[PDB]
Each structure stands twice: as C-alpha cells, then as structure tokens.
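Structure record follows, encoded as structure tokens.
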Amino acid sequence: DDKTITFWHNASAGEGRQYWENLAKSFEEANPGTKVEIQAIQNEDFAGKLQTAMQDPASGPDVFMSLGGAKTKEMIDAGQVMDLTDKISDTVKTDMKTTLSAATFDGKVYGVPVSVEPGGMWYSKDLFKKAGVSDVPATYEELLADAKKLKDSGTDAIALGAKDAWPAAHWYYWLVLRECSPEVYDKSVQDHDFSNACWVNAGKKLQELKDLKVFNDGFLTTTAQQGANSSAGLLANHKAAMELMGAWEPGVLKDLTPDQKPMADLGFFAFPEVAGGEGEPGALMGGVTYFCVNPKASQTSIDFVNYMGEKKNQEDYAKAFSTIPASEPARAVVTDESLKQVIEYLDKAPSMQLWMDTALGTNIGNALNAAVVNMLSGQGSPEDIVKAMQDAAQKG
Ligand SMILES: OC[C@@H]1O[C@@H](O[C@H]2[C@H](O[C@@H]3CO[C@@H](O[C@@H]4CO[C@@H](O)[C@H](O)[C@H]4O)[C@H](O)[C@H]3O)OC[C@@H](O)[C@@H]2O)[C@H](O)[C@H]1O
C-alpha cells in the first residue's frame, strides 16, 4: 500500500514521543487513506538499525531521522536517501533556509529539518550558587576552577554519559574547535588529516579535567539520556552541576524530573574559550535534525516530511521537545530562557560546525568516541585518540 508509510524517529521521551503520534493522526485526518506506522527507536540504537535496514531499501523505513553530516553522505552515496531538492515545499524553503544547508549536499537537499541544536554547557543555577559560582566561566581554566569549587561543595561537578561514548567525546570536540585554527580544523574534516598538534593538545587539556576527578562516579557506566541516573537525569534531579550537551537538553531534562516538568533552575553558557588556542572565538558546534525519504518511497512520504515543516507543526514541535525549531517563524513560541539565549547566540555566531563524529563519518566517529572513553578509563592517551582517528580514516 502506497499511502501506508513506515516512520522511524528517535523520540523516546514521553512528550516528544506523543508529538509524533499526534502529528501522524493529524496528517491522517487531513489526508484520508494515508496511514503512518510509527517506530520509536532509542537514539543509541538508531544508527545501527537504520544502516542495517537500508542495505535493502525495499524493506526499510519510508521516512527516517537522518544520521547527519558525513553519515548522511554515506547513505546518499550508497543510494539510500532520496533527493528532495525539487520536492520540498515553498514553506520549507522559505522558513528554514539556514537549517536547510545542513541537509544540503552537492547543491542538493536531502531532508526536511525540524530542529537546530547547538552544543554548550547546561547547568543548575542553584548548585552553582551553592558552590560560590555567581558567574559563568569564560575560559577553560575558570571552568576547571569552578568544578573544583563544586567538588568541595560536596556535589559532582560534571555529569558525563560516557557509556554512550559520544557525550564524553563532546569535550574533545569542543577542545579541538577551541585549540585548532579554523583552517586546520576545516582541512582536517575535509581531508581526514589529524597530523596537527591541535589534536593532541586538546586531548591533553581533556586529560587534565579527568585527573581532577570531577565527574559523577559511575560515568563510565552512565548513558546520556536513559533513566534518572543518566547524565541528563543527574542534572535534572540536581545530583550533578552541569553537562556538555546539544540543545535537545531541556526537553530531555523535563522528561527526567520527578514531576516530568521543566527543570526549574536550568541555565546555559557557551563552551569556554581556551587560552593559547587558535580557534575562532564564539565558534558554534551543534546538530541539525532532519528527516530523509526512502528512494523507493511514494509521494505520501514526501507530503509527510513537508507536513513537518508546517509552521504550526514546527511550533508544537518546539513546545513538545523544548527545543529550537528549524522554522524561523516557529521560533517565536520559544519561551525557555536558556533556549532564547542559544537562539540569540545562534543568530550572531560566525559559524556553526556539525558534531565532530557526524562530520567525520561512521568509521572515524566511532573510533574517536571509543578512543576518548579509553583515555578517560586510564586505558588510553591523547596520542591514542589521534592514532584511532587516523586508523579508521584509512577505510574512509
Ligand atoms: O546517528 C543517530 C544517533 O546519533 C548518535 O548520537 C549523537 C547525538 O544524537 C543526538 C542525541 O540525543 C538526541 O536527543 C533526543 C531528543 O528528543 C528526545 O525525544 C530524545 O529522546 C533524545 O534522544 C538527539 O536527537 C540526537 O541528535 O548527537 C551528537 C553526536 O555526537 C552523537 O553521535 C548516536 O550514536 C546514533 O545512534
């Protein structure tokens, strides 16, 4: 059946999970005969099942969340993603111009975005004040100093979902972005060249954080978003002072609070500048969530991804996920004070890089993320991290 489509997403939080249910039925009532069969998938399994299912597109999902960056390009090159350049709506083209560049490859659009989520530090304002930190750290040393004060204050300074690998790696990403010059960074991503001292230095700076032992005790067995004891859950329940995460954070937090309501004292501050770093000041790194269409899918799928781009639907998305919607007009409904900061910093930032692992691809990304965890477990060095990236890069 054409008008029956298979829809894959990663919304495991209650409110966002329900948004998709309500969106599907809304699309089903406006387009009688259509049927959207939804599959909710935990984020850490998403890349695995998508790549596994799409090696035979005939029996894969019709509409699915993209993996992003080079990971999207891997699927595009493999013939697993449909060109939507001449298929996206005038609404999507107009309202979502800036986020559309993240789904644009070789001058061709391969998805409809729904949110833009820059990275940064999310923290408890109350835990900070309870440690004598009345001002956000502007530099990396200040951040280390503040973590010391939090540790003395009895609380774990930094929640880290190291079992999922990438949340730990995010500290390495940001440090590389801050240490390496914009060109060294660009060419390193484009050419997979990690020979510059940038990459070791960033690993060394991160090793210093590790040696302070200011993480939550079970960080190696802690996931990012699963349960009250996840790194996000620790922040939500004030068991930890902060964590380094994408702007999906407030929506994840409001799912893990004891009342499942928005975290009352959530604040945001950009990743600190690094003294002696050649990185461009104020350089953003983040994500852009968009949805792709199976090359073997019907027009019904196309009508569905464009339906997401609708301003009303984008706003309900912003409310349900407590995030920044991809649609510019839809951003008018954002009320979370920490998010309105991020939107402000978004409009006046020079660049926004994608996540480092998603920008380097599956092979390099997974190698890098694992290597960081190895170094953090004491079973690795900053040099091993770079060695791991170079090793995986041989495959492509
Ligand atoms: O390739 C897909 C997937 O991404 C990899 O993790 C990423 C990471 O993905 C983000 C993580 O968290 C998600 O936030 C969700 C938002 O709304 C809630 O309903 C929900 O339950 C949360 O899971 C988010 O949407 C993803 O974009 O982002 C940064 C990367 O460094 C990292 O690779 C996983 O390995 C892979 O399975």
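Ligands are numbered from 1 in the order shown, residues from 1 within each chain, and chains are lettered A, B, ... in the order they appear in the structure tokens.
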Close residues to ligand 1 using only C-alpha atoms and all ligand atoms, limit 7 Å, as a PyMOL selection string = chain A and resi 10-13+16-17+42-48+66-68+166-167+170+225+246+248+251-252+287+289+321+355-358
Who sits within 8 Å of residue 178 in chain A, only C-alpha atoms, same chain under 2 positions skipped, as a PyMOL selection string | chain A and resi 174-176+180-181+273-274+277-281+283
Restricted to C-alpha atoms, what would the selected residues look like written as a PDB file, in the first residue's frame?
```pdb
ATOM      1  CA  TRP A 174      34.892  21.445  21.752  1.00  0.00           C
ATOM      2  CA  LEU A 175      38.526  21.465  22.853  1.00  0.00           C
ATOM      3  CA  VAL A 176      39.684  20.769  19.290  1.00  0.00           C
ATOM      4  CA  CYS A 180      42.837  24.333  16.298  1.00  0.00           C
ATOM      5  CA  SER A 181      42.714  27.237  13.845  1.00  0.00           C
ATOM      6  CA  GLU A 273      37.396  29.977  25.270  1.00  0.00           C
ATOM      7  CA  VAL A 274      40.809  28.352  25.588  1.00  0.00           C
ATOM      8  CA  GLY A 277      44.024  28.305  21.308  1.00  0.00           C
ATOM      9  CA  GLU A 278      43.915  29.226  17.631  1.00  0.00           C
ATOM     10  CA  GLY A 279      40.189  28.528  17.447  1.00  0.00           C
ATOM     11  CA  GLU A 280      37.806  31.215  16.240  1.00  0.00           C
ATOM     12  CA  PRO A 281      36.142  32.924  19.235  1.00  0.00           C
ATOM     13  CA  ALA A 283      32.600  29.269  17.092  1.00  0.00           C
TER      14      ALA A 283
END
```
Please identify all polymer residues within 7 Å of range 37-39 of chain A, counting only C-alpha atoms, omitting same-chain residues fewer than 6 positions from it, and present them as a VMD selection string.
-> chain A and resid 5 to 9
Near range 263-268 of chain A, within 8 Å and counting only C-alpha atoms, which residues show up once chain neighbours fewer than 2 positions away are dropped, as a ChimeraX atom specification?
-> /A:120-126,236,250,253-254,257,261,270,337-339,341-342
Rounded to one decimal in Å, what is the spacing between CA of residue 35 in chain A and CA of residue 103 in chain A?
-> 26.1 Å
